[PDB]
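Here Cβ is always computed from backbone atoms with ideal geometry, including for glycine, and neighbour counts include all displayed protein chains. What is reported rests on the model, the rules as stated and the sources as named; no laboratory instrument gave them.
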Amino acid sequence: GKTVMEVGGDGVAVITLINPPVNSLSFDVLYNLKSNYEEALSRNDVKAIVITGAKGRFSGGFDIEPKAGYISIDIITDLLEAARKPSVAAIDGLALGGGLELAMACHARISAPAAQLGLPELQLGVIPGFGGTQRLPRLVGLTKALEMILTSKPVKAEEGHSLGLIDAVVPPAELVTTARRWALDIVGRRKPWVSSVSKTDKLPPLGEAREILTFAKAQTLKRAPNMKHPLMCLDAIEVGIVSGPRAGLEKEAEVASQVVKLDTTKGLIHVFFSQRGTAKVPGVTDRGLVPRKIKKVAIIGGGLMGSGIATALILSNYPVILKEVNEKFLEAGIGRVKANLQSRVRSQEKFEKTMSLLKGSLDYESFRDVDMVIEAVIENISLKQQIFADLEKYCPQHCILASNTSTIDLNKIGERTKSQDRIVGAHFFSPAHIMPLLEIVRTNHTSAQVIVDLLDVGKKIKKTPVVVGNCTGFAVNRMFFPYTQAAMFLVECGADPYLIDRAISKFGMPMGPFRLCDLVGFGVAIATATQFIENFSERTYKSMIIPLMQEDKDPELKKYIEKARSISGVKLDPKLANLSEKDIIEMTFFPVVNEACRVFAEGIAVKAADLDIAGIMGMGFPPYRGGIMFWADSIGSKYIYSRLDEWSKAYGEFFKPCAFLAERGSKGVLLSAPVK
């Protein structure tokens, strides 16, 4: 990108940051800025400087330097902030990361009403590298700065104004005018000439600041023991407070140049891009098609999963209509919806107007206007086939015939119709309105235009869509089905279940295999596993543990579990008990890698990076580990292969490497590499 500078008749130089989409601070922009300043501070006709962004946006961050802190220190701190001419930032839209830092370097800040200000760097496993670790705590206080930097959450201009981050809030149309007026106020001493970096007004006493910093470090190691960058960022903050500002800067410059080398930040960076690339499906989204406008959606369900969908839809101003069989089931579903909205109330007129979008019905005549249908009925083929027969009958010819099915082949559902091009899989994960993932299941017949449509609806409802193929368990569930079975096989072999959970919950998972198995509900976990037992028998293990518990009907260990596993004694008891935490993880996750490769090779998933996001966003796989596939290559295919074969030749074909993994593992090549 670039920057344009123009000197008004009042002597104020206005510099516009120009680098779409969000005017990120590329080196290009920065060096143009440097030149701008060197000129402005040499021109006699220039009195002060104002900085603003193009197209109603200040700067969204860094683009996607000689020393370590050449910019932070030499350009931003010395050249700009320590200049003998005042700078004023004119903020509109957003000021995030480097964008917010550049603004903090200025001597005053004018902002438009609802602009966003924050330092999101930590979410990428990186740190503020332009002086944010210094100026933020000095402008808003240590307590707030710590919250913003650690939580990575942005703040609106209004709140920013009351914190001392923003000096004034004016309408977007007065932004630059106010700023240049402010700039000449400073030159004329009608207003203070403050340097943020050497401001102590807002800091706590040296001793208490250490108490606040110590505390933070402590609880950051309690929640996120896995990542180091936050603590590394807290270091830069403490140094700046104790040893002074200039020491703090160089400390940040050092921390920033080494934090990029961490293996977990490469993982976090990979997850960032992979999140974006899930909507790129070759042969579908490269055709020049454009999403259709869906103005009305029908949800045939009313049950738990159905009521969830409806919630997500109306929450995004989608007129939704539920159809049920009996009046009871209908009034029941509508009830769950309201309950879901009332929950997040504890606006009012908000969650009262969105209830008008939801309209009930026990008929099909109200489908003559629907642009998309989602069926969320019990997993009964006979019944689903019938629903799609009626759908094809009462619906418009363009209407999308989507199903939330989880265990039934999409091709069999549309058996009684001739609308195979309109039938697609819209797979949600309960709770439908919280789980961020959406599996768009395409068939051989699903038309590209329908996928492009759904792909767009997913984005509209704050979901992250992946386009997967039609097969047993699609991508997410099929991927992690070995997970639970590998665990239970280890248990039947003597392995302590609670050790398993602890080893894996510390690995990065939000839960343990068994711990999560209880949360999902034995009835559900066993119902979704059946699918794979019947389609991949020679690769699955039906542990009688759960069933035996079902027939007998703030959580802690159960002294009555030992007798339960013993009863399911079909296998013997090796030395799989007393395994290392590394081994537990390796025997529980490598089979998942193995399955991910089958999915990737079979073409079920478009690209490895999609599998990463899927496992991450569907099964809470550790983001800092990049994803199930990124992690697999992080260890090495040759290792995973060699280790997975040793088990195959010692426990059964369950651990046997699939052709794709084997062929690649031997050559020591990357697994995430495109299929050829």
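Given the condition surrounded by 14 or more Cβ atoms within 10 Å (Cβ to Cβ) and touching a strand residue (DSSP E or B) at 6+ places or on another chain (Cβ under 9 Å), answer yes or no: does some residue in the stretch 590-604 qualify? Yes.
So for the stretch 469-491 (the condition being over 21 Å from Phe536 (Cα atoms), in contact with a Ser or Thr (Cβ under 7 Å, 6 or more places away or on another chain) and in a helix (DSSP H, G or I)), does at least one residue qualify? Looking for residues that are over 21 Å from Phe536 (Cα atoms), in contact with a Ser or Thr (Cβ under 7 Å, 6 or more places away or on another chain) and in a helix (DSSP H, G or I), one finds none in the stretch 469-491, hence no. Might you check whether a residue that is of a type in the set (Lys, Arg), over 21 Å from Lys460 (Cα atoms) and touching a strand residue (DSSP E or B) at 6+ places or on another chain (Cβ under 6 Å) occurs anywhere in the stretch 317-324? So far as the stretch 317-324 goes, yes, one or more of its residues are of a type in the set (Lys, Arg), over 21 Å from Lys460 (Cα atoms) and touching a strand residue (DSSP E or B) at 6+ places or on another chain (Cβ under 6 Å). Using the structure shown, decide if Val271 is part of a helix (DSSP H, G or I), β-branched (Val, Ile, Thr), crowded, with 18+ Cβ neighbours inside 10 Å and touching a helix residue (DSSP H, G or I) at 6+ places or on another chain (Cβ under 9 Å). When the stated conditions are applied, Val271 passes them.
Within the bounds of the stretch 569-591, is there any residue that is more than 24 Å from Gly494 (Cα to Cα) and not in a helix (DSSP H, G or I)?
Quick first cut of the stretch 569-591, residues more than 24 Å from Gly494 (Cα to Cα) only: none.
The answer is no; no qualifying residue exists.
Table: residues versus (1) farther than 28 Å from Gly626 by Cα; (2) buried (at least 19 other Cβ atoms within 10 Å of the Cβ); (3) in contact with a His (Cβ under 7 Å, 6 or more places away or on another chain).
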| site | (1), (2), (3) |
| --- | --- |
| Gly132 | no, yes, no |
| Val140 | yes, yes, no |
| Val176 | yes, yes, no |
| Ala209 | yes, no, no |
| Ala216 | no, yes, no |
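Please tell me if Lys266 is within 35 Å of the chain's Cα centre (by Cα), buried (at least 16 other Cβ atoms within 10 Å of the Cβ), closer than 30 Å to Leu455 by Cβ and of a type in the set (D, E, K, R).
On the way: within 35 Å of the chain's Cα centre (by Cα): yes; buried (at least 16 other Cβ atoms within 10 Å of the Cβ): yes; closer than 30 Å to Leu455 by Cβ: yes; of a type in the set (D, E, K, R): yes.
Yes; evaluated as a whole, the condition is true for this residue.
A single member of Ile378, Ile387, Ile374 is of a type outside the set (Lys, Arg), in a loop (DSSP other than H, G, I, E, B) and under 28 Å from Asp409 (Cβ atoms), and it is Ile378.
Is it fair to say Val7 is over 20 Å from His107 (Cα atoms) and either not assigned by CATH to the domain that holds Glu252 or not aromatic (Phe, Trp, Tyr) (or both)?
Considered against the rule, which asks whether it is over 20 Å from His107 (Cα atoms) and either not assigned by CATH to the domain that holds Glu252 or not aromatic (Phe, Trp, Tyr) (or both), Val7 comes out as no.
When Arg346, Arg336 are screened for being exposed (fewer than 12 other Cβ atoms within 10 Å of the Cβ) and not aliphatic (A, V, I, L, M), only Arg346 passes. Only a single criterion out of (1) among the hydrophobic types (A, V, I, L, M, F, W, C); (2) over 20 Å from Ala432 (Cβ atoms); (3) not assigned by CATH to the domain that holds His229 is not satisfied by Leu262, namely (3).
Number of residues in the stretch 101-126 that are under 27 Å from the mean Cα position of the chain (by Cα) and assigned to a helix (DSSP H, G or I) equals 7.
Select from the stretch 492-503 the residues that are in a helix (DSSP H, G or I) and among the charged types (D, E, K, R) and list them in ascending order.
Correct list: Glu492, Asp501, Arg502.
In the stretch 503-519 there is no residue that is among the acidic types (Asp, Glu) and more than 30 Å from the chain's Cα centre (by Cα). Listed by first and then second residue, the pairs with beta-carbon distance under 6 Å, at least 6 apart or on different chains, first residue in the stretch 456-473 and farther than 24 Å from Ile314 by Cβ, second aromatic (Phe, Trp, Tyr) and crowded, with 23+ Cβ neighbours inside 10 Å, are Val468/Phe474. Of all residues in the stretch 191-240, those being closer than 30 Å to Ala48 by Cβ and not in a loop (DSSP other than H, G, I, E, B) number 4.
A Cβ distance below 9 Å, combined with a sequence gap of six or more or placement on separate chains, defines the contacts here; from the stretch 620-638, residues that are assigned to a loop (DSSP other than H, G, I, E, B) reach residues that are of a type in the set (D, E, K, R) in the pairs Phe621/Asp612; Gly626/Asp263; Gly626/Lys266; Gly626/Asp612; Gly626/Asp633; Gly627/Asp612.
Taking the conditions exactly as written (of a type in the set (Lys, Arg) and out of contact with any helix residue (DSSP H, G or I) (no Cβ under 6 Å at 6 or more places or on another chain)), does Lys553 satisfy them or not?
Working: of a type in the set (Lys, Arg): yes; out of contact with any helix residue (DSSP H, G or I) (no Cβ under 6 Å at 6 or more places or on another chain): yes.
Answer is yes for this residue.
Restricting the stretch 424-446 to residues that are over 15 Å from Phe474 (Cβ atoms) and aliphatic (A, V, I, L, M) leaves a set whose member that is surrounded by the most Cβ atoms within 10 Å (Cβ to Cβ) is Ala432.
Check every one of the strands (runs of 3 or more DSSP E) wholly within the stretch 1-68 and list those with 3 or more residues that are more than 28 Å from the chain's Cα centre (by Cα) and buried (at least 19 other Cβ atoms within 10 Å of the Cβ). Per the criteria, 12-18, 48-53.
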